[PDB]
Amino acid sequence: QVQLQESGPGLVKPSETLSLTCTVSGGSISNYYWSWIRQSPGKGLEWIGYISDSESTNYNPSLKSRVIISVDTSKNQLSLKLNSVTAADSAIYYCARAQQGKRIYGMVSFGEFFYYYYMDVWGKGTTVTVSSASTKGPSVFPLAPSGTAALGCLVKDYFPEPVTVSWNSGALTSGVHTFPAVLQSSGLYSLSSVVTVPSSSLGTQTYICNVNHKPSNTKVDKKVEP
Amino acid sequence: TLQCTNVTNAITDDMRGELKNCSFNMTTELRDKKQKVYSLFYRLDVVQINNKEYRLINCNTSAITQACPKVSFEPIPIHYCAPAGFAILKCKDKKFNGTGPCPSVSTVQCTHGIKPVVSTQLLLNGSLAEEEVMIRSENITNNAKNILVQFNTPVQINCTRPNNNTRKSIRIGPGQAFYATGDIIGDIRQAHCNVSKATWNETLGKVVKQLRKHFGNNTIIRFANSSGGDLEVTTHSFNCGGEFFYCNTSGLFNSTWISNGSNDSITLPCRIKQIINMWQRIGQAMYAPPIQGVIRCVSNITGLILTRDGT
Amino acid sequence: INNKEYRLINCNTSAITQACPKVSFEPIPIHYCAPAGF
Amino acid sequence: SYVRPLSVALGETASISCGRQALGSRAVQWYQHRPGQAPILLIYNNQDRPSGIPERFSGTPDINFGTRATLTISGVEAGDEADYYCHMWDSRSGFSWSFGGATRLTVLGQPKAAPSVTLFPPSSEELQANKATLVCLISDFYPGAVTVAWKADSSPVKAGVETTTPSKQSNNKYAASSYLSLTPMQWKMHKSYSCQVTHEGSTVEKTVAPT
Ligand SMILES: *[C@@H]1O[C@H](CO)[C@@H](O[C@@H]2O[C@H](CO)[C@@H](O[C@@H]3O[C@H](CO[C@H]4O[C@H](CO[C@H]5O[C@H](CO)[C@@H](O)[C@H](O)[C@@H]5O[C@H]5O[C@H](CO)[C@@H](O)[C@H](O)[C@@H]5O)[C@@H](O)[C@H](O[C@H]5O[C@H](CO)[C@@H](O)[C@H](O)[C@@H]5O)[C@@H]4O)[C@@H](O)[C@H](O[C@H]4O[C@H](CO)[C@@H](O)[C@H](O)[C@@H]4O[C@H]4O[C@H](CO)[C@@H](O)[C@H](O)[C@@H]4O[C@H]4O[C@H](CO)[C@@H](O)[C@H](O)[C@@H]4O)[C@@H]3O)[C@H](O)[C@H]2NC(C)=O)[C@H](O)[C@H]1NC(C)=O
Ligand SMILES: COc1cnc(-c2csc(CN(C)CCCN(C)C)n2)c2[nH]cc(C(=O)C(=O)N3CCC([C@@H](C#N)c4ccccc4)CC3)c12
Ligand SMILES: *[C@@H]1O[C@H](CO)[C@@H](O[C@@H]2O[C@H](CO)[C@@H](O[C@@H]3O[C@H](CO)[C@@H](O)[C@H](O)[C@@H]3O)[C@H](O)[C@H]2NC(C)=O)[C@H](O)[C@H]1NC(C)=O
Ligand SMILES: *[C@@H]1O[C@H](CO)[C@@H](O[C@@H]2O[C@H](CO)[C@@H](O[C@@H]3O[C@H](CO)[C@@H](O)[C@H](O)[C@@H]3O)[C@H](O)[C@H]2NC(C)=O)[C@H](O)[C@H]1NC(C)=O
Ligand SMILES: *[C@@H]1O[C@H](CO)[C@@H](O[C@@H]2O[C@H](CO)[C@@H](O)[C@H](O)[C@H]2NC(C)=O)[C@H](O)[C@H]1NC(C)=O
Ligand SMILES: *[C@@H]1O[C@H](CO)[C@@H](O[C@@H]2O[C@H](CO)[C@@H](O)[C@H](O)[C@H]2NC(C)=O)[C@H](O)[C@H]1NC(C)=O
Ligand SMILES: *[C@@H]1O[C@H](CO)[C@@H](O[C@@H]2O[C@H](CO)[C@@H](O)[C@H](O)[C@H]2NC(C)=O)[C@H](O)[C@H]1NC(C)=O
Ligand SMILES: *[C@@H]1O[C@H](CO)[C@@H](O[C@@H]2O[C@H](CO)[C@@H](O)[C@H](O)[C@H]2NC(C)=O)[C@H](O)[C@H]1NC(C)=O
Ligand SMILES: *[C@@H]1O[C@H](CO)[C@@H](O[C@@H]2O[C@H](CO)[C@@H](O)[C@H](O)[C@H]2NC(C)=O)[C@H](O)[C@H]1NC(C)=O
Ligand SMILES: *[C@@H]1O[C@H](CO)[C@@H](O)[C@H](O)[C@H]1NC(C)=O
Ligand SMILES: *[C@@H]1O[C@H](CO)[C@@H](O)[C@H](O)[C@H]1NC(C)=O
Ligand SMILES: *[C@@H]1O[C@H](CO)[C@@H](O)[C@H](O)[C@H]1NC(C)=O
Ligand SMILES: *[C@@H]1O[C@H](CO)[C@@H](O)[C@H](O)[C@H]1NC(C)=O
Ligand SMILES: *[C@@H]1O[C@H](CO)[C@@H](O)[C@H](O)[C@H]1NC(C)=O
Ligand SMILES: *[C@@H]1O[C@H](CO)[C@@H](O)[C@H](O)[C@H]1NC(C)=O
Ligand SMILES: *[C@@H]1O[C@H](CO)[C@@H](O)[C@H](O)[C@H]1NC(C)=O
């Protein structure tokens, strides 16, 4: 009933205000708690902060000096702002709904309790890279094939991660295998997607390769044929 | 000189400081070698210097002596007896005032069991009246003579210190061992007492009825909390399992009664002291050693010690 | 202590009190008696 | 934060002890996290687990003090490989900002799977752009560790090769890629190019040639 979707720039220059947004679907936004969580390479899950239903904010003291969390009740969009970013700030920024738990051990009158929060429904994550390097759209090249056979769609030299790939605009979904990218020494990622289709389907089921690199708004398409 | 910090912050505002984690240099078995040990002291037992430096409350007035932890502060009933050739006369009048001619008299060699309980405001574990709820004062019309009421029904009270304490022996010298408060296993909670709001309201009304006989069926009497003084007299101070409780009683004497709950109880926020001073002479005080485990005593409230102010 | 440092054997357990050297540890025969009527 | 490893045989029961023990009454949250994916709140209150989570995931309630917080995974499967976090709240300590350590559960005894190598020659549009790249795609192998070897005809080739570290697939197997870059003249001036993929103790070769 409730799903979350993050959205970010993907690339932010060093010493600049990062900005991400998170849309709630199905439920309201001003009646729950929401938490920003990021996960850097090598470093574990780090809690950035959270906002209440009454739109009260509380930040992690690790990044308290430079994080501003907001909320827009006109729809279900809550925003995040992080200034003075460095290379160590590149991570997958997740968005989740925090549920307030009141753990009571003694008497509620004397205040012998405490509040704990837990994220029950998360987003999918927005990849954010901090680098002085500029963005670049990929270059798609077809991989013609030759029980069954396999064709591919090479996606080389783009920056930064990621790149979404679908076959036949989402129609072809079985036997698809999209491989992780490769960070070449030149500093650009290179991807490769491949589907395994029956041999008789070569003539002439059209196979359209969809490639989307949002950090450059450079969507492309390409067909494959022997 | 004690170096004190709060023990385990984030509880409920002015509550981290109610008990402190104090560390201090201490003598050892060798007089030339010191030791840096720590101990948990309650806030009522320490005072600042004016930094986080503290000292024991008694040091500028009284010497201190910790009770031999093998002795028991539990009251045992005592029977006072008269020597041979003497006699004890008991007034068996069920509605006796305390003075005047008692019609029914009997003689005994020894009095009944009398527990030497030393409490305040509330008379604990005492003997009950058989009829009504008597009221005794030498000059009741005098406002400076304490009224000693005595119930016929015991209104039960449940006191507890829920903190699971630890006693850490510290040798301060050859043979001498000071028993410090190590740490607290589990939650750091608040000591308190429960008393059934229904029974306390019922028993507080009986005192009102018997108070009408000395001030008129038409007058209005009111219960207010203590008007000041030392800590032992402004609170329901007593002893429960070794530790000396000091219970705020504003929730028991906050009622006005006209000329003419039922489920929950009223709780009493109690503080705890360890360096309790002497009640007679000055320059003397006792250190109650820390009691291990959870303390919870169940006792009767059989009387009160009230005071009028001169409607 | 663990060097040539030592301490008295009793210091970690018991206080110590030297006998007034004018008193004599020499045993003197004692006669226990019963009160009158015993 | 640091990562402490843990190994459990396939089908057994796992015992993941929490990183930091509680000083008082606690409220422990368990999150299942596989890198590059959204964490999954397994258990929020000391033993309460949300819907959509099997009963084989269980925690320890806070009954009497002293009991340590441990996440129990009975009937462990290959999908239970992830990072598990102990979000420890208690009366004593302050606000639990840190998720704590990370127990890297690795399920042992999984079936060994052989790769599915597939080599693609340089595309025509790439050769038209005066560049040429061989791609050697590997999939469906376990344990996730292989070694790629490129050969121009018979002689080895190591200048110009890039390789992905293995990555877990949705079917709990692994996949990696290998990109050999060469000028279009080197692609034509050689007879054939091979990609030898060595997994466990066996090598597999897929070759391609400009014909
Ligand atoms: C003198 O007078 C004093 C003053 O009266 C008096 O002080 C009293 O002291 C006692 C103990 O010293 C105190 O008792 C404690 O009470 C705590 C609170 O319990 C109440 O609340 C819980 C939780 O309520 C939420 O959940 C329920 C459903 O589960 C909802 O219906 C609620 O609405 C609420 O949920 C909403 O609200 C939340 C915030 O408000 C939101 O966040 C949430 O999302 C929701 O919106 C209830 O479950 C309790 O119900 C139980 O009690 C009723 C009677 O009230 C009974 O019918 C029945 O037994 C119910 O089970 C209750 O209403 C308790 O949490 C606490 O017990 C836990 O803690 C202690 C130590 O902290 C543990 O040792 C103990 O084992 C318990 O641990 C269990 O529970 C915790 C909490 O979840 C778990 O984390 C833990 O793992 C463990 O779980 C295990 O047991 C569970 C059941 O016990 C089980 O479900 C699990 O599956 C697992 O097996 C303790 O009992 C009391 O509060 C004081 N009084 C006052 C007024 O404060 C003193 O005693 C007097 N006498 C003297 C001094 O001598
Ligand atoms: C604690 O009280 C004491 C503390 N320390 C010493 C002491 C130290 S050393 C020494 C020997 N010294 C060398 C010879 C004489 C001194 N000379 C040097 C002149 N005696 C005491 N001795 C008699 C005491 C009492 O009876 C008394 O006042 N209580 C005891 C009972 C309570 C009590 C109960 N339940 C209670 C306390 C607080 C709140 C509520 C109830 C009330 C007060 C007494
Ligand atoms: C009161 O304050 C004292 C400090 O003056 C506390 O003692 C110290 O407590 C810390 C934290 O537990 C101890 O550090 C721990 O050491 C163990 C053993 O190596 C280690 O495994 C832990 O990770 C941690 O580093 C420290 O040793 C200890 N020092 C002494 C002299 O006791 C004391 O705990 C406080 N008490 C209360 C009730 O707050
Ligand atoms: C009023 O009188 C009652 C009854 O005599 C007193 O209750 C007694 O309280 C003491 C300590 O609070 C209890 O001793 C404890 O026993 C438990 C259980 O064995 C043990 O774990 C403790 O270490 C300690 O020895 C005693 O059993 C208890 N007696 C009864 C019959 O319940 C009460 O303390 C008195 N209150 C006052 C203010 O005098
Ligand atoms: C010993 O020190 C205590 C602590 O200051 C003194 O108690 C204070 O006395 C003043 C009056 O001069 C009160 O205003 C304070 O409230 C007291 N402090 C408390 C109760 O914590 C005490 O008077 C000193 N004794 C002597 C003999 O100087
Ligand atoms: C609290 O009051 C009750 C009621 O008087 C006491 O219970 C009585 O105790 C006497 C003395 O041993 C017995 O003769 C009665 O038979 C008891 N009656 C009942 C109904 O129990 C109780 O002992 C008192 N508690 C304390 C701690 O003094
Ligand atoms: C108070 O804390 C002590 C420990 O500091 C607890 O003592 C333990 O009691 C259990 C009983 O099941 C024993 O198995 C342990 O061996 C004891 N440990 C020690 C160090 O003595 C005691 O149970 C606690 N009290 C309460 C009421 O929880
Ligand atoms: C004080 O505590 C005592 C015992 O802990 C309570 O007495 C118990 O009352 C229940 C009522 O449901 C009985 O079932 C038990 O048998 C009683 N125990 C004993 C030892 O008599 C009493 O109710 C408490 N009173 C308050 C005001 O808290
Ligand atoms: C005080 O110190 C003495 C000296 O070490 C202790 O006596 C030793 O006790 C151990 C057992 O723990 C024996 O193995 C040694 O043989 C004893 N030393 C002797 C007899 O010279 C004594 O136990 C200490 N007392 C305390 C209370 O710690
Ligand atoms: C103890 O806590 C109180 C309340 O937060 C604070 O005012 C006080 O300064 C603290 N004392 C120490 C020694 O930390
Ligand atoms: C103990 O004495 C030393 C001096 O050697 C001092 O530095 C230290 O602060 C003292 N400790 C305490 C707790 O006062
Ligand atoms: C106490 O009661 C007796 C009973 O006759 C009475 O004479 C006396 O005046 C009373 N004293 C007080 C102070 O009530
Ligand atoms: C009692 O006190 C009142 C005034 O407080 C006084 O008039 C009266 O004489 C006193 N009674 C006795 C017997 O002293
Ligand atoms: C007061 O009222 C009671 C009835 O509750 C009655 O018995 C008594 O005689 C009255 N006394 C006076 C002085 O009015
Ligand atoms: C009596 O009650 C008043 C009402 O708030 C309070 O301010 C005062 O501190 C109380 N006194 C005692 C001794 O509890
Ligand atoms: C006693 O409690 C009342 C309220 O319960 C509070 O206003 C008052 O300050 C307390 N007295 C003391 C001395 O703490």
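Note on naming: letters A, B, ... go to the chains in the order of the sequence lines (proteins, then strands), and numbering restarts at 1 for each one. Counting starts at 1 for both ligands and their atoms, in listed order.
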Using a strict cut-off of less than 4.0 Å between a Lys/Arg side-chain nitrogen and an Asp/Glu carboxylate oxygen, indicate whether [X] and [Y] qualify as a salt bridge.
X	Y	value
A/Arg103	D/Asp90	no
B/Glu132	B/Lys213	yes
B/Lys197	B/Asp264	no
B/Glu18	B/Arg271	yes

Enumerate the atoms of ligand 4 whose separation from the nearest heavy atom of [X] is less than 4.0 angstrom.
X	value
B/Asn239	38 (C)
B/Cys297	12 (O), 34 (O)
B/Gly241	11 (C), 12 (O)
B/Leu124	38 (C)

Query raised in the report: Does an N or O anywhere in B/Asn125 fall below 3.5 Å from an N or O of ligand 4?
Result: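 Yes - when backbone and side-chain N and O of B/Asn125 are compared with those of ligand 4, one distance drops under 3.5 Å.
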
Report task. Using a 4.0 Å heavy-atom threshold (strictly under), name the region of B/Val298 that reaches ligand 4: side chain, backbone, both or neither. Result ->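 The part of B/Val298 near ligand 4 is the backbone, not the side chain.
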
Report task. Could you tell me whether B/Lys115 approaches ligand 4 through its side chain, its backbone, both or neither, with non-hydrogen atoms closer than 4.0 Å? Result ->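 Answer for B/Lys115: neither.
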
Looking at [atom], what's its closest protein heavy atom, distance included?
atom	answer
atom 4 (C) of ligand 10	B/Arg16 CD, 3.9 Å
atom 7 (O) of ligand 10	B/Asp14 OD1, 4.9 Å
atom 5 (O) of ligand 4	B/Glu74 OE2, 4.0 Å

Distance flag for [atom], protein heavy atom under 4.0 Å:
atom	value
atom 8 (C) of ligand 4	yes
atom 35 (C) of ligand 4	yes
atom 9 (O) of ligand 10	no

Side chains of [X] and [Y]: donor-acceptor distance under 3.5 Å anywhere?
X	Y	value
B/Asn146	B/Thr307	yes
B/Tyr38	B/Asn21	no
B/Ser299	B/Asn125	no
A/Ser54	A/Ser52	yes
B/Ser237	B/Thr120	yes
B/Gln176	B/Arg171	no

Query - Option from A/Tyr115, A/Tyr117, A/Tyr116 for which ring pair (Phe, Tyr, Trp, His ring centres under 6.0 Å) with A/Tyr33 holds - result: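 The passing option is A/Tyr117.
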
**Report entry** Ligand-residue contact atoms, ligand 10 with B/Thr5, heavy atoms, under 4.0 Å
**Finding:**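 Counting from 1, the qualifying ligand atoms are 13 (C).
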
Query raised in the report: For ligand 10, which atoms sit closer than 4.0 Å to a heavy atom of B/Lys20?
Result: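 Every atom of ligand 10 under 4.0 Å from some heavy atom of B/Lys20: 11 (N).
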
Query raised in the report: Using a heavy-atom cut-off of under 4.0 Å, does the side chain or the backbone of B/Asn6 touch ligand 10, or both, or neither?
Result: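 Both backbone and side chain of B/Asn6 come within 4.0 Å of ligand 10.
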
Report task. Just say parallel, tilted or perpendicular for the rings of B/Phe151 and B/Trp200, cut-offs at 30° and 60°. Result ->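 If you compare the ring of B/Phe151 with that of B/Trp200, the planes turn out perpendicular.
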
Requested in this report: Using the six-membered ring of A/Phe113, assess whether NZ or CZ of A/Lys102 lies under 6.0 Å from its centre and within 45 degrees of the ring axis.
Outcome: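 Judged by the rule, A/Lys102 and A/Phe113 form a cation-pi pair.
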
Query - side chain to side chain donor-acceptor pair (under 3.5 Å) partners of B/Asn248, counting only residues at least two apart - result: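 So B/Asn248 forms a side chain to side chain donor-acceptor pair (under 3.5 Å) with B/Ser250.
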
Pairwise, report which nitrogen or oxygen atoms of ligand 8 are under 3.5 angstrom from protein nitrogen or oxygen atoms, and how far apart they are.
from     : atom 1 : to       : atom 2 : distance (Å)
ligand 8 : 2 (O)  : B/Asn158 : ND2    : 2.3
ligand 8 : 5 (O)  : B/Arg296 : NH1    : 3.4
ligand 8 : 5 (O)  : B/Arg296 : NH2    : 3.0
ligand 8 : 25 (N) : B/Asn158 : ND2    : 2.9
ligand 8 : 28 (O) : B/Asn158 : ND2    : 2.8

